[PDB]
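First up is the structure itself, then whatever we jot down about it.
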Amino acid sequence: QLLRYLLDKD
Amino acid sequence: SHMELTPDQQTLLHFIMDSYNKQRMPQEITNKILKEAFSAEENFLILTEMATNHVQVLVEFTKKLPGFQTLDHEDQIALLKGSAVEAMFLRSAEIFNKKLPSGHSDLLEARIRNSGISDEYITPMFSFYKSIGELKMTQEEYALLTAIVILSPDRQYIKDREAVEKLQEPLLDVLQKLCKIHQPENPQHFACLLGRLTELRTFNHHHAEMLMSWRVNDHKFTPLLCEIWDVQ
Ligand SMILES: O=C(NC1CCCCC1)[C@H]([C@@H]1CCCCO1)n1c(-c2ccc(Cl)cc2)nc2cc(F)c(Cl)cc21
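These protein sequences, in sequence, are chains B and A.
The opening position of the first sequence corresponds to residue 747 in PDB author numbering, with each subsequent residue numbered one higher.
The opening position of the second sequence corresponds to residue 245 in PDB author numbering, with each subsequent residue numbered one higher.
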């Protein structure tokens, strides 16, 4: 989902 | 002896400040309030566009918070979802109280009162903004209060509250020390800031009622808002 992506990215 | 933060506290505050000050085009919101069309649709669009950009900003700020990556991944999502509403209101209160051009306050209020928000919720919103304004908060105070709101171990369900308390306590300690450094003639300043965090919590119920009203009146939200605000 969107929040997990934004949290775990880079 | 002296009144200063220790080197480790100065460093921790520096990265909170570098992260908080990461604001792409801060003139944008100011110009939207002043120049856009004055219709219920345009006012609602400013809110969803600004709230969406804010969620992106909030996640980037949150993931860089000292010790946030040591947290269990379910508790990380729960802290972000549980604090999003309060962070939005605190951030709005910051912009509300900034040195802005003549008429900005009047035009912003004209917009807020034409956004499909009931009068019942506009009154505590303006009251909170004014109470924030009276405190004459520094950027350090807004940044640390935001970090404290995100790292709250006592608002929403968290599996390991002690782990969250341990990350919040040094932030609260840096904040209290800054009040002693920058507002030495007002010993009750820190307690006033904590008073504002108590007031911030009332917006969880207010926002839940505003959302229900918007959904009834067939208002559309972006996928990122639907997720963080748990829209169905
Ligand atoms: O876009 C807004 N806020 C963003 C949110 C992300 C962080 C930056 C600020 C809204 C918009 C402005 C146009 C009319 C409708 O409200 N807004 C709210 C507000 C309205 C309802 C809710 Cl539920 C929450 C906040 N209070 C504000 C105070 C302000 F000074 C300014 Cl400039 C705008 C403010």
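Don't be surprised by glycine CBs; every beta carbon is placed ideally from N, CA and C.
Classify residue i as helix, strand or coil using the three-state DSSP reduction.
i                           : result
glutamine 420 (chain A)     : helix
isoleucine 361 (chain A)    : coil
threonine 390 (chain A)     : helix
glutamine 313 (chain A)     : helix
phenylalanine 465 (chain A) : coil
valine 475 (chain A)        : coil
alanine 281 (chain A)       : coil
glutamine 271 (chain A)     : helix
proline 397 (chain A)       : coil
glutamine 427 (chain A)     : coil
How about residue i and residue j: do their beta carbons lie closer than 9 angstroms?
i                           : j                        : result
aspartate 398 (chain A)     : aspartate 319 (chain A)  : no
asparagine 265 (chain A)    : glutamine 383 (chain A)  : yes
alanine 328 (chain A)       : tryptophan 458 (chain A) : no
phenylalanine 447 (chain A) : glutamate 330 (chain A)  : yes
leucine 441 (chain A)       : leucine 395 (chain A)    : no
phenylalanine 305 (chain A) : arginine 355 (chain A)   : no
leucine 469 (chain A)       : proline 310 (chain A)    : no
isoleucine 376 (chain A)    : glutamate 338 (chain A)  : yes
Mind checking which residues open and close the alpha helix (DSSP H) that includes residue i?
i                        : result
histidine 246 (chain A)  : Segment: none, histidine 246 (chain A) is in no alpha helix (DSSP H) and carries neither H nor E.
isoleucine 402 (chain A) : Neither: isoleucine 402 (chain A) is in no alpha helix (DSSP H) and is coded neither H nor E.
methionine 294 (chain A) : 284-307
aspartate 350 (chain A)  : 348-356
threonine 446 (chain A)  : 446-460
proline 251 (chain A)    : 251-264
Quick one: list the residues of chain B neighbouring residue i, beta-carbon separation under 7 angstroms, in chain order.
i                       : result
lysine 307 (chain A)    : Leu753
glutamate 471 (chain A) : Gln747, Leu748 and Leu749
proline 251 (chain A)   : Ordered by position in chain B, no residue passes the 7 angstroms Cβ test against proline 251 (chain A), which lies about 28 angstroms from the chain.
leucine 468 (chain A)   : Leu748
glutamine 427 (chain A) : Going along chain B, no residue has its Cβ under 7 angstroms from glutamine 427 (chain A), so there is no contact; the nearest lies around 35 angstroms.
If the cut is a Cβ gap below 8 angstroms, which residues of chain B does residue i touch?
i                     : result
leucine 324 (chain A) : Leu749 and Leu753
Could you tell me whether any non-hydrogen atom of ligand 2 is closer than 8 angstroms to the CB of residue i?
i                        : result
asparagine 297 (chain A) : Although ligand 2 was asked about, the structure shown includes only ligand 1 as ligands.
Under 8 angstroms, with one C-beta from each stretch per pair, do the region 428-438 of chain A and the region 332-351 of chain A reach the 3-pair mark? Contact between the region 428-438 of chain A and the region 332-351 of chain A is absent, because fewer than three Cβ pairs lie under 8 angstroms.
So, does the region 358-378 of chain A touch the region 405-414 of chain A, judging by three or more C-beta pairs under 8 angstroms? The region 358-378 of chain A is not in contact with the region 405-414 of chain A.
Any 3 or more C-beta pairs closer than 8 angstroms across the region 293-311 of chain A and the region 443-462 of chain A: Between the region 293-311 of chain A and the region 443-462 of chain A there are fewer than three C-beta pairs closer than 8 angstroms, too few to call the two in contact.
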